[PDB]
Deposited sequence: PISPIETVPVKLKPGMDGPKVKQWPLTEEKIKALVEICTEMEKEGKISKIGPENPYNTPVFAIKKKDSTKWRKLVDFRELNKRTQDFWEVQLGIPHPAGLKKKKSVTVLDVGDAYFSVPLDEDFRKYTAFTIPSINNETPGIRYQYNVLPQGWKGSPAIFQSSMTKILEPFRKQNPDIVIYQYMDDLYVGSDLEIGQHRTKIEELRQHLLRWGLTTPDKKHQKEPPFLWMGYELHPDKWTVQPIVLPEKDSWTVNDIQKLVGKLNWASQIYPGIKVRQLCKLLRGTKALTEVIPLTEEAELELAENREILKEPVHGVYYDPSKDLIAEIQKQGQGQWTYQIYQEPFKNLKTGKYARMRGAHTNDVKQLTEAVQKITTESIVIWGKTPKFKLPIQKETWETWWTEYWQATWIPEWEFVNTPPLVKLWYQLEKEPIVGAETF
């Protein structure tokens, strides 16, 4: 049976250009698509389908896997998968000691896609140097990467997980696009054993990564530990505090701009006055707590900003309204683009676990460079929204650790 899918009101299907692919990935996509056609998941199509969403190959471990970029289709179908069939997000997920991520994309390929929606899922396998017109397909089944798929499969997913949920009432299982997030408080051993039990239930239905949300603790903006303070050091201090007070209610800076008056040499050493190291230390303590007055709004989009620090470390903030930070963090250790790509995936994963939503990313990189390289290191099954930005380098020196 098929569930009726209708796009947004008065809006047409996606017509997104296929970004150039290298030969190895074009090959992988031919291999993969010949098999799926053989298995009836997709069918060739004719010129009378004007639609087109981008497709690419990743690895996710040397098995090529096909990644369809349904970001546009998702925008244009959002009434269907958010309002008519929305999957609710559990607030307790972020509270579990251990959250394991299981790929269940294989499930959708057993459900037929509404015959009248299929045309909107067209994609192209292009050829090198355009020597032969692209190979064109559309889906016959719920495709991976479309937010419509888990919305439709929702009914069958809860049937499958029903036994396991009943037998383990303190496990939270959350579905976001092609993945299941499974959270418990068990000892890591018992937790893993429970995941293995969950696989078996999945395994009977055609469905053949470990987080620790508790440890997730904000990176508090940090104020230099010193005994010796030059004019420069204090200047940088006021700069970093000034900016913090944009976010943190009750950040005071005056007893420090106190010592910063007079046009004194930058290198000149300046004694920390009593009030000064007091106002300073008080700010330290405010900077350790969460922002008073900032709250997630379910109707609003999430934004993520990333800054290249140096030396393989990146800082980020997630907000909905600028300077009203919902979360801040850092990320560890090669290649700039590789690290950015990794950081974006980590941040998206946390974002899904916390709000059941992915952020729109402001990325500090030239468009064509991100575009050229990101799939060489992309491991996830989803793709966040992104845009390309020219980072204020002041913004970034306020987030060092």
Per the record, the structure omits deposited positions 1-5, 66-67, 216-231, 357-361, 430-440
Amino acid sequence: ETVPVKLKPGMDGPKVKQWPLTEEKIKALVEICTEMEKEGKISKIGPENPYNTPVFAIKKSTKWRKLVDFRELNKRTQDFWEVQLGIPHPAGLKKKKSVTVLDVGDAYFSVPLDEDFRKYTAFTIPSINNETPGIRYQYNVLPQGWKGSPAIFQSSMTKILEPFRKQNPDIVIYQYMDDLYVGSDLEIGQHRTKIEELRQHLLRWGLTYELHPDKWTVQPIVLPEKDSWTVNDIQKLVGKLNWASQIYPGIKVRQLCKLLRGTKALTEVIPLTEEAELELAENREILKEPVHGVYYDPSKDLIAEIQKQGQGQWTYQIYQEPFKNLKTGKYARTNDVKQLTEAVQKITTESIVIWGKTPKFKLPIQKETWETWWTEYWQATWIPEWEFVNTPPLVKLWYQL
From here on, numbers count along this sequence of modelled residues.
Using only the Cα atoms and their B-factors as the entry lists them, report which of 48-56 and 33-41 averages higher. 33-41
Would 159-167 or 209-217 have the larger average of its C-alpha temperature factors, as given in the entry? 209-217
The largest CA temperature factor among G92, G262, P143, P112 is found at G262
The residue of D297, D116, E285, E196 with the maximal C-alpha B-factor according to the PDB record is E285
Taking the entry's C-alpha B-factors for this chain, is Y108 in the lowest, middle or highest third? middle
Within this chain, which third does the Cα B-factor at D185 fall in: lowest, middle or highest? middle
Compared with the other modelled residues in the chain, in which third is the CA B-factor of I270? highest
Hey, what third does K97 fall into on Cα B-factor, ranked over its chain? middle
If you rank the chain by CA B-factor, which third does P393 end up in: lowest, middle or highest? highest
